[PDB]
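In: next one to model:
(chains A and B, ligands or ions: 7)
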Amino acid sequence: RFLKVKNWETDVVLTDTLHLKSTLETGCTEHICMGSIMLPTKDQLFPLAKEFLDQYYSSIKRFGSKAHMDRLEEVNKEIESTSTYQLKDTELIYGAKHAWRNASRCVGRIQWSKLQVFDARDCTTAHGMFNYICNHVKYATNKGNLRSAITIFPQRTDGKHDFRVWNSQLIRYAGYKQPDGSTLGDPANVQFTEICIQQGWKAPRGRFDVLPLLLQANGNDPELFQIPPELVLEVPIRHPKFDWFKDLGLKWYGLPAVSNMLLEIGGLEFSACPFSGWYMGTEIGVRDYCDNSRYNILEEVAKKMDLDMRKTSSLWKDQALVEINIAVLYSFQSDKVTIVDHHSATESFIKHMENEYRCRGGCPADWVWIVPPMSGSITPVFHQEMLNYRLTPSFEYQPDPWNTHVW
Amino acid sequence: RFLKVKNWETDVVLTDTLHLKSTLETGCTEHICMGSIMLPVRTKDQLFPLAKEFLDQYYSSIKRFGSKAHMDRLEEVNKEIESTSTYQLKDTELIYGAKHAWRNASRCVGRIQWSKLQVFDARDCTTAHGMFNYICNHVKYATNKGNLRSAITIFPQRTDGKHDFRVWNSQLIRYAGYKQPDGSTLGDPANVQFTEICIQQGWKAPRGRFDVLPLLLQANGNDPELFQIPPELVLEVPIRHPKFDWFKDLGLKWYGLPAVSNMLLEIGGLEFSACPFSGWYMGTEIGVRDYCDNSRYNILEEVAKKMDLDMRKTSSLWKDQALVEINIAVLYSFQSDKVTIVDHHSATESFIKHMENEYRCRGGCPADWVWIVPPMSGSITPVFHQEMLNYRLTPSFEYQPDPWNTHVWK
Ligand code: HEM
Ligand code: HEM
Ligand SMILES: N=C(NCCC[C@H](N)C(=O)N[C@@H](CCN)C(N)=O)N[N+](=O)[O-]
Ligand SMILES: N=C(NCCC[C@H](N)C(=O)N[C@@H](CCN)C(N)=O)N[N+](=O)[O-]
Ligand SMILES: C[C@H](O)[C@H](O)[C@H]1CNc2nc(N)[nH]c(=O)c2N1
Ligand SMILES: C[C@H](O)[C@H](O)[C@H]1CNc2nc(N)[nH]c(=O)c2N1
Ligand SMILES: [Zn+2]
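Out: Numbers count the residues shown, from 1 in each chain, chains lettered A, B, ... in the order given. Ligands and ions are numbered 1, 2, ... in the order given. Sure, structure below:
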């Protein structure tokens, strides 16, 4: 069927047909919606490959051509013989860009076509991975004028020689459990911060300690490496009015770079595919800084602002939230590092949605993730109906390696 | 089947078995989620089973399942249906049914209060004047001089579909909206079409910014009739700020009694098309949506200007700053006038406790995340971090088409 999507603020209705080409399941049923759940063979492979090549050739206006047919046969014979195949550089680039295009939880997809792809399929070791990663970080950071990029390591073979980056993001802060029973640094990384020590790392036991990369190549045991500090761009956070702010001693890194997902293109699985773009202000100011299970800093900021924290209805938490997020943005813009506010980013997404609807017939989107964690309804996406469904190529979740690795 | 739901802030995991009793569809499929879509005359045939299901739930709730009283009621209803094609609920079943439609309302964050609902039985009502009297009594009881009390008034159920009782207003109390020839709107933009119908029907509009609309009431399928709610019965709150003395000069005020009046209440297969209900406001409803939605009063700029915020660029977060103050004001004004209201922090925290309680004593709590999470400060409320399962249980409150689109004028 053909579904319709309405924006309740502008009345604009869009019709969706792209969903009709969905393959994977959503987790929902006619009886129950799981829209808010965080995570709901040669014979198998060729179909997948064919589906992919078909869209690739269609995208380049050579659908059904001899080239298309030839390629389809070549891959067909390759799988039948090698039980797998290799993507052409062209198909690789198209695949990665589209996996981003299809990321229903990503609000910055208007940038999807401008992705620098780094082919690391010739990589064989952890030092090699480190080398490729350092080059990605430097390229993408670009002294503050961030550029989206992804580095693709060798695809899975027999699952016994998988490449993996154990970190969740290339750059994050350490987390240690203290005697107090409290947590020093980032609580979200406590466990990882331990496996780094349990492996050899010498933690400074600080509040913002850039973690070491834990790289795994060809199924081997992961190895540690410290990213040249000169390559980790960091922003000290200050407020454009509260000169006391700085004493909070807060800072964040400029490069968001998801490194634990799995990239699936034409059936092939790339288990190590770190990618990066740039931050939306709220990710740091609202989630990293104010989540109760994270740096949980609202109370401190509240106190220095000297506001009545006696009653929830004074909305001190909300007032502080705003100020903190004003600081994050302020600091990044001041240090000339790329960053986008939730207002501008959501506006962009709406524009992207409209482009996608008319040039592609739709845009899979997960409302639960697209709407910013603060000021939801004053951003346009809140009033925008969205249809969520899975399309390939795609970025998928995968088990944390330390729960699957056989040392 | 069992389903796990987890809170990513506390790691608490709950198990849901309640969903096994969901009959109605959700709009989603194994291939598509319609979770953010706002809205995705029965036969004797499908009526008795609907009745039986309900009566079994009722008798089980009172620990009399399988009793003689239970079996006789089933036989009594079955006969009545075969005989008259419908059936009447006992007062007790009506009350139980009403409370459960609220208890099952997956988009309602105030459900911790479900068991305390005052049900007014208006099934003996035959005319619009009769409806007006019932509604006046409901508004006065509910308002209770500012100490709000949850209530619902239930008018006669649908029979053949040509004799429906309907409250044409979407809420018993709402402000008029007027579109000017220059394209701008005076009052509340959301109520413009309804305001026009009221004028066409004879209402003398005072054409101001906060004019309480007249009730347009339809009884037994007849053409609707106009009634003005006694002003002394309509409690309102002037909006001022704890620190901004100029806020009061924005000329804002809101009514204190929220009362949805356009939903359909379904109990045991029976359809109640006019069932106005009221509780009390969560601050953000007024402060974030009614006041700051671009298509509503939209006061962000004017408030931002007076605060002398940097409006040159969005990254100054002037909108976000103005938003908090306005919401501080709404809460402050209500508490000062001693009119019940709840802020989003307290409301969401209570809902999590209610939800956990429901999972243990009931096996679940259908909830719509998209609606439950507040329109501001989303992630600093516990619900944002809570996984929820949405499904439909009856009894329930359902949407129904606006009456002006279906009514056959006499
Ligand atoms: C350049 C601007 C970019 C912006 C502003 C942006 C913004 C966002 C935001 C705010 C999220 C949610 C993060 C969270 O809540 O954890 C997100 C998620 C995501 N983005 Fe983008 N993104 C950008 C670039 C990228 C790139 C370059 C890719 C892919 C190559 C991408 C793929 C995804 C995926 C797959 C997710 C979901 C990850 C998860 O489930 O944890 N994003 N993005
Ligand atoms: C005790 C006070 C109550 C509070 C604080 C509360 C709060 C809320 C809020 C914030 C909404 C969302 C409104 C919107 O965004 O349009 C809502 C929706 C809802 N509530 Fe409650 N509520 C209360 C009492 C009730 C009562 C008395 C009933 C039923 C007897 C009820 C039934 C529902 C239903 C059916 C919806 C969804 C309405 C729609 O879809 O438009 N609520 N509630
Ligand atoms: N802006 C991005 N955000 C995604 C990564 C940052 C995100 N806020 C985050 O903390 N993700 C966690 C996963 C959150 N559950 C991680 N993978 O370390 N991506 N980007 O490439 O531009
Ligand atoms: N707090 C309540 N809120 C629901 C009613 C107010 C809501 N903010 C509102 O404006 N609802 C619109 C529907 C909004 N789409 C209506 N039916 O007039 N309900 N209550 O019983 O206490
Ligand atoms: C339970 C719920 O799914 C969870 O808290 C989601 C909500 N929306 C989100 N949205 C984004 N962008 N990122 C998140 O981590 C979440 N967490
Ligand atoms: C499109 C989207 O579903 C829509 O704007 C929803 C989102 N969440 C909501 N939540 C509540 N409580 N009330 C609403 O009117 C809405 N509108
Ligand atoms: Zn769904």
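In: and the helices in chain A?
Out: In chain A, the segments counted as helices under DSSP state H are A:42-59, A:66-82, A:89-101, A:126-141, A:190-197, A:281-282, A:289-290, A:298-304, A:316-334, A:342-360, A:367-370.
In: need those in a markdown table (columns: mean neighbour count and distance to ligand 7).
Out: The C-beta positions use only the backbone N, C-alpha and C, and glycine is treated the same way. Formatted as a markdown table, the helices of chain A follow (neighbours: other C-beta atoms under 10 Å in any protein chain shown; distance: least, C-beta to the ion, whole Å):
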| stretch | mean neighbour count | distance to ligand 7 |
| --- | --- | --- |
| helix A:42-59 | 16 | 24 |
| helix A:66-82 | 14 | 35 |
| helix A:89-101 | 20 | 22 |
| helix A:126-141 | 20 | 35 |
| helix A:190-197 | 18 | 31 |
| helix A:281-282 | 26 | 25 |
| helix A:289-290 | 24 | 28 |
| helix A:298-304 | 17 | 32 |
| helix A:316-334 | 24 | 29 |
| helix A:342-360 | 18 | 19 |
| helix A:367-370 | 21 | 10 |
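In: just send the ones you listed back as CSV, with distance to ligand 2 too.
Out: Formatted as CSV, these follow (distance: least, C-beta to the nearest ligand atom, whole Å):
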stretch, distance to ligand 2
helix A:42-59, 39
helix A:66-82, 50
helix A:89-101, 33
helix A:126-141, 41
helix A:190-197, 36
helix A:281-282, 22
helix A:289-290, 23
helix A:298-304, 23
helix A:316-334, 17
helix A:342-360, 20
helix A:367-370, 15
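In: against ligand 6, how distant is the residue nearest to residue A:78 when sequence neighbours are not counted?
Out: With sequence-adjacent residues excluded and distances taken as C-beta to C-beta, 6 or more residues apart in numbering or on different chains, residue A:78 is closest to residue A:85, at 4.3 Å. Distance from residue A:85 to ligand 6, counting by C-beta to the nearest ligand atom, to the nearest Å: 42 Å.
In: give the contact list for residue A:85.
Out: A:45, A:49, A:75, A:78-79, A:268 (C-beta atoms under 8 Å, 6 or more residues apart in numbering or on different chains).
In: ok, and what's touching stretch A:143-152?
Out: Outside stretch A:143-152, the residues that reach it (C-beta under 8 Å, 6+ apart) are A:92, A:96, A:100, A:111, A:114-121, A:132-133, A:135-136, A:139-140, A:233, A:254-255, A:263, A:270, A:273-278, A:335-338.
In: tell me the buried residues in that stretch?
Out: Buried residues in stretch A:143-152, counted by 16 or more other C-beta atoms under 10 Å in any protein chain shown: A:146-152.
In: how far away from the center of its chain is stretch A:236-255?
Out: 25 Å (C-alpha atoms, centre = their mean, to the nearest Å).
In: does that stretch come close to ligand 1?
Out: No - using C-beta under 6 Å from any ligand atom, stretch A:236-255 never reaches ligand 1; the gap is at least 10.9 Å.
In: quick check: end-to-end length of that stretch?
Out: Distance across stretch A:236-255, first residue to last, is 14 Å (C-alpha to C-alpha, to the nearest Å).
In: in JSON lines, list the buried residues of stretch A:143-152 along with distance to residue A:396.
Out: Listed next are those as JSON lines, based on distance: C-beta to C-beta, whole Å:
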{"residue": "A:146", "distance to residue A:396": "25"}
{"residue": "A:147", "distance to residue A:396": "24"}
{"residue": "A:148", "distance to residue A:396": "19"}
{"residue": "A:149", "distance to residue A:396": "19"}
{"residue": "A:150", "distance to residue A:396": "14"}
{"residue": "A:151", "distance to residue A:396": "17"}
{"residue": "A:152", "distance to residue A:396": "14"}
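In: ok, which residues in the stretch 101-250 of chain A are in contact with ligand 2?
Out: Counting by C-beta under 6 Å from any ligand atom, the stretch 101-250 of chain A has no residue next to ligand 2.
In: picking up where we left off before, of the contacts of residue A:85, which is the nearest to residue A:203?
Out: residue A:268 (37.0 Å; C-beta to C-beta).
In: rewinding a little: so which of the helices of chain A comes closest to residue A:14?
Out: Across the helices of chain A, closest to residue A:14 is helix A:342-360 (C-beta to C-beta), at 4.3 Å.
In: phi, psi for the residue nearest to residue A:32 when sequence neighbours are not counted please.
Out: Of all residues beyond its chain neighbours, the one nearest residue A:32 is residue B:391 (4.6 Å), with distances taken as C-beta to C-beta, 6+ apart. Main-chain torsions, residue B:391, degrees, to the nearest 10: phi -160, psi 160.
In: residues contacting the residue of the stretch 51-200 of chain A found nearest ligand 4?
Out: Nearest residue of the stretch 51-200 of chain A to ligand 4 (C-beta to the nearest ligand atom) works out as residue A:107 at 24.6 Å. By C-beta under 8 Å, 6+ apart, the contact set of residue A:107 is A:280, A:345-346, A:348-349, A:369-370, A:381.
In: adding distance to ligand 6, write the contacts of residue A:85 out as JSON lines.
Out: Below are those laid out as JSON lines (distance: C-beta to the nearest ligand atom, whole Å):
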{"residue": "A:45", "distance to ligand 6": "39"}
{"residue": "A:49", "distance to ligand 6": "37"}
{"residue": "A:75", "distance to ligand 6": "42"}
{"residue": "A:78", "distance to ligand 6": "46"}
{"residue": "A:79", "distance to ligand 6": "43"}
{"residue": "A:268", "distance to ligand 6": "36"}
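In: right, I'll call it a day here.
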